[PDB]
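A short worksheet on the structure shown next.
Backbone-built Cβ (ideal geometry, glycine too); neighbour counts: all protein chains shown. Quick note: the coordinates plus some simple rules give every number you see, no bench work behind them.
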Ligand SMILES: NC[C@H]1O[C@H](O[C@H]2[C@H](O)[C@@H](O[C@H]3O[C@H](CO)[C@@H](O)[C@H](N)[C@H]3O)[C@H](N)C[C@@H]2N)[C@H](O)[C@@H](O)[C@@H]1O
Ligand SMILES: CC(C)(C)n1nc(-c2cccc3ccccc23)c2c(N)ncnc21
Ligand code: NA
């Protein structure tokens, strides 16, 4: 029973997280760990279901939350997981601004690990043909947040982002297992160490720049040096600006 797993907890609601799911924090239970409960209704039920199976798969290879219980009915999905203790990379960077180089070094190592998983292990497709079709549909359904674009595209109609993006194509993918939202909010640090990642709903085979682009974008809030250091430590000396720009533009749609 979900009820059995939830008994005796205090409940909070967190406005946070990748999809439009409702996120609950369960805490304050004596002799019991903190948990998270994601609830997806309607279309969002699919997003939560997507995360569940990706968590179930990727846990063999990388440190992620542990699934405690999952339920799917036609219109609803409930995903109960353990909490990874600690703070986000973003939080720790703000708290220890002097540790930026160490934080990025750890992020590169972690990303290198993820990208070293042989793609023959991965039953999920997250390639650009798949994501572009997802983006087209989100745009057409009116779901794109046009207020949240990067500075380069501030005030751009979503249609212009779409058109301009297609001028970069095509390129041959350098396919690896990707996280899909490798941002500073989704990597968790605890006592100095990067100990896990969260929000794995977009995990699948894709170009390595899917992850590199999003993290590089985040680091741009802090330091051009930290952005360059990410590529350097990851093992890339000449960043592919076309692939970088493509993936930044694609993320505008999500
Ligand atoms: N709609 C839901 C999505 O919203 C955010 O994604 C958006 C980014 O945040 C935006 O970028 C802004 O925030 C960055 C730090 O995250 C800054 O570096 C950057 N300069 C900022 O423009 C980017 N333009 C679009 C991207 N879809 C969440 O991260 C993602 O999990 C969630 O699913
Ligand atoms: C459920 C979801 C994917 C959104 N998630 N979220 C976190 C998380 C981590 C660190 C600080 C937070 C602060 C406020 C809300 C959530 C968190 C988190 C976590 N640690 N462990 C597992 N899932 C987490
Ligand atoms: Na809209």
Restricted to Cα positions, what overall size does region 155-254 have along the principal axes? Three whole-Å values, descending. 45, 30, 30
On alpha carbon coordinates alone, what is the Rg over Rh value for region 1-82, Rh being the Kirkwood radius? 0.96
Would you work out the Kirkwood radius for region 16-158? I mean one over the mean of 1/r across all pairs of different Cα atoms, in Å. 18.2
Taking the Cβ-Cβ separation of residue 195 and residue 171 as r and a Förster radius of 35 Å, what is the calculated FRET efficiency to the nearest 0.05? 0.55
Sorted peptide list for 21-29, 114-122, criterion being average Cβ within 10 angstrom, highest first: 21-29, 114-122
Choose one answer from 81, 49, 73: the residue with the largest mean-square fluctuation in a GNM of the chain with alpha-carbon springs under 10 Å. 73
Expressed as a whole number of Å, what is the distance separating the alpha-carbon centroids of region 1-46 and region 155-203? 25
Given the chain reduced to its alpha-carbon atoms as identical point scatterers, what log10 I(q)/I(0) does the Debye formula return at q = 0.11, 0.15, 0.17 Å⁻¹? -0.62, -1.18, -1.47
For the chain, find the longest principal axis of its Cα atoms and tell me its angle to the long axis of helix 43-58, 0 to 90°, nearest 10. 90
